[PDB]
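Engineer: build me a model:
(one chain, ligands or ions: 3)
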Amino acid sequence: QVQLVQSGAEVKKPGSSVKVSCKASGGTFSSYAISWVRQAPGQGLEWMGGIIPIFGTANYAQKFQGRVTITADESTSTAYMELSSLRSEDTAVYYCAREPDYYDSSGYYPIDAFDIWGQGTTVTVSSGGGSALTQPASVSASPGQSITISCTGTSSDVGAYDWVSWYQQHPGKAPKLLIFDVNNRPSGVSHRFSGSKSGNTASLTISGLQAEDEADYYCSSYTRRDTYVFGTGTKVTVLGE
Ligand SMILES: [Cl-]
Ligand SMILES: [Cl-]
Ligand SMILES: [Cl-]
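Structural biologist: Numbering: from 1, shown residues only. Ligands and ions are numbered 1, 2, ... in the order given. There you are, the coordinates:
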């Protein structure tokens, strides 16, 4: 029953800092990290960094190295992201998400994906006067057929290992994990969704397309540089619906 709830919206001028919190509750499981992922208005997902609360070791995208700090307080089950020296491009919804280890006969194992997401925190930077993974921008299709969405990366992400995932996002909601480890569906995800990859391109197939599948879809991969990257996003429109 694990869930993540984030703090409320912030409005800031350029040059200021913002600190967003993420409170975990509802479970007992402890083998996980927390990542922070942002999304500018009308745009795609961008990974910022993450932390493993049980050690306190944080990792960042190079882009944000030196002006983002991610911390965690185990006593209150809260993670934090502080972004300093704000600028125009920082206007976005900021999400925290769990990066868990699962457990099976192989023992503990990473899914290399984000299964539980916070609801997002809007940060607006006031006006001051002024991708490794690529996807098709859009696909439109009538319901009741199969469609496929592609994700083209490089040898150091999609083409490296099976650490490829897919997310669905409906308007006003956090992304939802549909596929991890190239072709695995989370418990409860429809088996109409399937994943594959060939060389540097991954594919999500949606069979028996339904009206409710109209959404944005993002591929993601871990990388040889110990980071996550996200695709540019594909808008699926279901025709007549
Ligand atoms: Cl301010
Ligand atoms: Cl949500
Ligand atoms: Cl589903």
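Engineer: please name the nearest non-neighbouring residue to whichever residue of the chain sits closest to ligand 2.
Structural biologist: Closest approach between the chain and ligand 2, counting by CB to the ion: residue 174, at 3.8 Å. In short, each C-beta sits where N, CA and C put it, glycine included. Here the nearest residue to residue 174 in space, its sequence neighbours aside, is residue 117; by CB to CB, 6 or more residues apart in numbering that works out to 3.8 Å.
Engineer: from what I see, that neighbour and residue 96 are in contact.
Structural biologist: Yes - taking CB atoms under 8 Å as the definition, residue 117 is a contact partner of residue 96 at 7.4 Å.
Engineer: so where does the closest residue to ligand 3 within the chain fall, helix or strand?
Structural biologist: Proximity of the chain to ligand 3 (CB to the ion) peaks at residue 190, 3.9 Å away. Here residue 190, judged by DSSP states H and E, is contained in no helix and no strand.
Engineer: tally of neighbours for it?
Structural biologist: For residue 190, the neighbour count with other CB atoms under 10 Å is 14.
Engineer: also residue 19?
Structural biologist: The number of residues packed around residue 19, counting by other CB under 10 Å, is 13.
Engineer: and it, what does it touch?
Structural biologist: 80, 81, 82, 83 (CB atoms under 8 Å, 6 or more residues apart in numbering).
Engineer: neighbour-wise, which of those residues leads?
Structural biologist: Counting neighbours by other CB under 10 Å, residue 81 leads those with 29 neighbours.
Engineer: in which helix or strand does the closest residue to that one other than its chain neighbours reside?
Structural biologist: If the residues on either side of it in the chain are set aside, residue 81 comes closest to residue 36, at 4.6 Å by CB to CB, 6+ apart. Under DSSP H and E, the secondary-structure element containing residue 36 is strand 32-39.
Engineer: what does the protein put close to ligand 3?
Structural biologist: Along the chain, the residues adjacent to ligand 3 under the rule CB under 5 Å from the ion are 189, 190.
Engineer: report the longest strand in the chain, please.
Structural biologist: Across the chain, the strand with the greatest residue count (assigned by DSSP state E) is strand 92-104.
Engineer: how about that strand, does it reach ligand 2?
Structural biologist: No - for a cut-off given as CB under 5 Å from the ion, strand 92-104 has no contacts with ligand 2; the smallest distance is 8.6 Å.
Engineer: buried stuff in that strand?
Structural biologist: Within strand 92-104, the residues that qualify as buried are 92, 93, 94, 95, 96, 97, 98, 99, 100, 102, counting by 16 or more other CB atoms under 10 Å.
Engineer: how about residue 184: which residues does it bridge to?
Structural biologist: Beta-bridge pairing of residue 184, defined through DSSP bridges, involves residue 180.
Engineer: how about residue 24: what's its closest non-neighbour residue?
Structural biologist: With CB to CB, 6+ apart as the criterion, residue 24 has its nearest non-adjacent residue at 4.5 Å, and that residue is residue 77.
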